[PDB]
Amino acid sequence: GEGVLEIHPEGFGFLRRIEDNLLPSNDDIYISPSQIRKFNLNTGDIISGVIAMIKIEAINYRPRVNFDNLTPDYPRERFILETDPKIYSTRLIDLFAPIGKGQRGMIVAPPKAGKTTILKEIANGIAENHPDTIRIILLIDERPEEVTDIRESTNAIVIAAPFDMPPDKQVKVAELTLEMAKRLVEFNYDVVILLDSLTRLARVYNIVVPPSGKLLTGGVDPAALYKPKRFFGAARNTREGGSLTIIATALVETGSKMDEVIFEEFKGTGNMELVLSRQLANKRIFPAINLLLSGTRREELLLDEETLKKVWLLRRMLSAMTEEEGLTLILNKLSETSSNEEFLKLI
Amino acid sequence: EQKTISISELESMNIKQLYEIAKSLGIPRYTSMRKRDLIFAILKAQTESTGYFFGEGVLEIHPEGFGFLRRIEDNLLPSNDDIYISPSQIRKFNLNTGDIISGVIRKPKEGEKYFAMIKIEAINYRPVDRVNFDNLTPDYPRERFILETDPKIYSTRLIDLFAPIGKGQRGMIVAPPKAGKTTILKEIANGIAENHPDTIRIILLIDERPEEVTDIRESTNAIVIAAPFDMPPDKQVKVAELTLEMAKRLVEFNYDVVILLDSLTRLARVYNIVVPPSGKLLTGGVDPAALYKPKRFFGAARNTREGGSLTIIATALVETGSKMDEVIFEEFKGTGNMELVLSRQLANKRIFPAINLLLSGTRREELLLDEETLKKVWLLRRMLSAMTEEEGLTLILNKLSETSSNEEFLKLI
Ligand code: IUM
Ligand code: IUM
Ligand code: IUM
Ligand code: IUM
Ligand code: IUM
Ligand code: IUM
Ligand code: IUM
Ligand code: NA
Ligand code: NA
């Protein structure tokens, strides 16, 4: 058996089932005090061995500096998301808003603009081009049926806290999820969390947090929130080293001050942004990406000089036409090309 | 539908079983009887003088491990005449709260008086295993309800086109006051009854006035559970919860169930008077807290991959003056996967059905409508965006009233 450690207040611990969304259960495993204890291991850690655990054969897939200590650095190795020529979303991302290991990405998403499809495509791109990366998809407040759709169909560690889970439990799934990923980076892995979404993560933390803040506006107690910020802020590359990429959605144009608000508190805190367009979605042009508002710092770290200059030109012409003319033009050329490579040859 | 069924359960039984029941009941000459006749006699026993009849109700298993069958007729809802179920039965048949148990029942004897279930004949309508509702794989609906019946019943023609409901839908009828929401429910209940007679239809009326219930009753048909303006709120929650549990047992046994919930808003309000204060809120003044409870309710709706489906179409009361109502509509945003939005403005002008089409839709409708119909609905939408509201709905109603069917209507596009 195997699972995700959960050191209890005394000193003993259980292993959580991913297939349980990391929630408590029998059959959860049991673990010494004491083993721990040396062994020397903390929460988030993944244990496997014979079972009730007679003994441990691997912690995190292996028989170590601490996360907060690791030296943070800019992302320096790109994710190549492009696979099949018809998946336009990832072809565009690789050009206009590349994502690297350690990226702190925001997908800005108005209602019904294909946010979930893009997530799955990003997830599948990394699975194909970067099989050794560990992929996690955390869904907070998700509709139950969207879970099974995302899970089959990507790969793919999908942990979910659906809108009918009790709030304090929704939170524990999120935090344990983060701890597990931090543990893995410590062990030199490249890790990705696709988070749908920060908005709802936020809202969950609102309901459950107690209740002292500097006055509401949500009604939202600044205390949030934290801790969602601390979640998103955890993304980083490291010297010593391993990366945590976080691509998280931020909801917009949903009609909620909550919500707004919320968005306001996150607006601009990413170092990679992919904005989705309602007008382009109503339109009904997909992927509904607003390329002009999308991008990443400091992208010559990710794009070679040749590519970057061409994308710059695409930008200037494009900034000189409507969004739909976009887009459209770019989607056509894409469109007619069996790779971004070839597409680039034509500039 | 009661009823209902009842005839329905007996029809599905092989002769051997029907014969065992008829004997138990001491029907004179049951072999000579035409089946349908035998079934009427079996039902008629209740109200004669034999003290064995054929009955059913829905299991509440008590902490001590014995149970009673609550009765739909009493909205579920304590009596005698409830039917006692022993621990032996619960254990041997592996029964659960919510199960519909049918059988030969001994009447109060003087004797032993209570009603006793002396012989169990069906569980959830299936002759005499179970995966739990919670372990089934939730999924999008993949089969549609066809609601359209009579060509002049416009609400359903529009729903079928603009906001299709399928088996497993979590649907929300957004209803400002008056409205016309009650009639929508009735017409939905109805289309499903004519076009899909095997679906179990439950209308759950939360804390509403008697007349409204009647009505309605009345009215339908469908199992109608309402329990009633003047009962304590923790009693009301209990009605709704047992109703839900029963639906879940049905799905476990592969039925397609529909609950038409009037309304979620009021369900929400009840859980507020009822749930141990959380110390936070809100406001409101509404918890929290839940909330989590009405959310679980609505959220139970789903198609499942390994069993039946639970469709929940719930009214959501909007533009009321509160407030606490508002907060709840807020808290339920993005939970559903189907929306039928009704217009306050189009209501005051006497245009029914008062539907705002452009704002109404259903997610993953490609699973429910063929490509042709989708693109044709799409243009209808384009043209609708080019006018009111009043004018769009009006044009469309007009084109509908000119046609014998929706497929007719689409031939025109
Ligand atoms: O595989 U489990 O509680
Ligand atoms: O990727 U989807 O209902
Ligand atoms: O609602 U706009 O690119
Ligand atoms: O993103 U710079 O020299
Ligand atoms: O269908 U006959 O007695
Ligand atoms: O005797 U004759 O239905
Ligand atoms: O079915 U009576 O009291
Ligand atoms: Na959406
Ligand atoms: Na607003």
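Taken in order, these protein sequences are the chains called A and B. Residues 58 to 108, 119 to 130, 137 to 420 in the UniProt record's numbering are what the first sequence spells out, letter by letter. Residues 4 to 131, 136 to 420 in the UniProt record's numbering are what the second sequence spells out, letter by letter. Note that CB positions come from ideal geometry on N, CA and C, so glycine has one too.
Since residue i and residue j are thought to touch, with beta carbons under 8 Å apart, how far apart are those beta carbons, to the nearest angstrom?
i	j	result
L374(A)	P145(A)	Between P145(A) and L374(A) the Cβ distance is about 14 Å, and since that is not below 8 Å, they are no contact.
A361(B)	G187(B)	5 Å
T227(A)	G198(A)	Their Cβ separation, rounded to whole angstroms, is 10 Å, which puts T227(A) and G198(A) out of contact at 8 Å.
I180(B)	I319(B)	11 Å between Cβ atoms; not a contact.
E4(B)	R256(B)	In fact, because the Cβ distance is near 17 Å, the residues do not count as touching under 8 Å.
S285(A)	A296(A)	7 Å
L365(B)	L391(B)	5 Å
To the nearest angstrom, how far is it from the Cα of residue i to the Cα of residue j?
i	j	result
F359(B)	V334(B)	28 Å
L419(B)	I166(B)	19 Å
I8(B)	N405(B)	39 Å
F169(A)	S162(A)	10 Å
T369(B)	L192(B)	17 Å
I103(B)	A234(B)	19 Å
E201(B)	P239(A)	39 Å
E63(B)	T100(B)	5 Å
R94(A)	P66(A)	14 Å
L400(B)	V258(A)	57 Å
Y55(B)	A44(B)	12 Å
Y22(B)	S15(B)	13 Å
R312(B)	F57(B)	34 Å
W385(B)	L402(A)	23 Å
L381(B)	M120(B)	52 Å
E415(A)	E225(A)	32 Å
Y299(B)	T290(B)	16 Å
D40(B)	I30(B)	11 Å
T50(B)	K110(B)	11 Å
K116(B)	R74(B)	18 Å
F236(B)	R216(B)	5 Å
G68(B)	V281(A)	36 Å
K26(B)	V246(B)	35 Å
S91(A)	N97(A)	9 Å
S270(A)	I223(A)	14 Å
Mapping the DSSP letters down to three states, classify residue i as helix, strand or coil.
i	result
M390(A)	coil
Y22(B)	helix
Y147(A)	coil
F336(B)	helix
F140(A)	coil
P90(B)	helix
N78(A)	coil
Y299(A)	strand
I195(B)	helix
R32(B)	coil
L347(B)	strand
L365(B)	coil
residue 54(A)	Outside the modelled stretch of chain A, which goes from 58 to 420, sits residue 54(A), for which no answer is possible.
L289(A)	coil
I126(B)	strand
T190(B)	helix
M16(B)	coil
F169(A)	helix
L154(B)	coil
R39(B)	helix
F96(A)	coil
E201(B)	helix
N279(A)	helix
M331(B)	helix
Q49(B)	helix
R357(A)	coil
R370(A)	coil
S9(B)	coil
Based on DSSP bridge pairs, tell me the residues matched to residue i.
i	result
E59(B)	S105(B)
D269(A)	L212(A)
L317(A)	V264(A), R309(A)
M120(B)	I108(B)
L72(A)	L62(A), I86(A)
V181(A)	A323(A), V348(A)
Give the list of continuous beta strand (DSSP E) stretches no shorter than 3 residues that lie fully inside the region 206-261 of chain B.
207-212, 230-233, all fully within the region 206-261 of chain B.
Mind pulling the alpha helix (DSSP H) runs of 4 or more residues that sit fully within the region 372-416 of chain A?
With a minimum length of 4 residues, the continuous alpha helix (DSSP H) runs that stay inside the region 372-416 of chain A are 378-389, 398-408.
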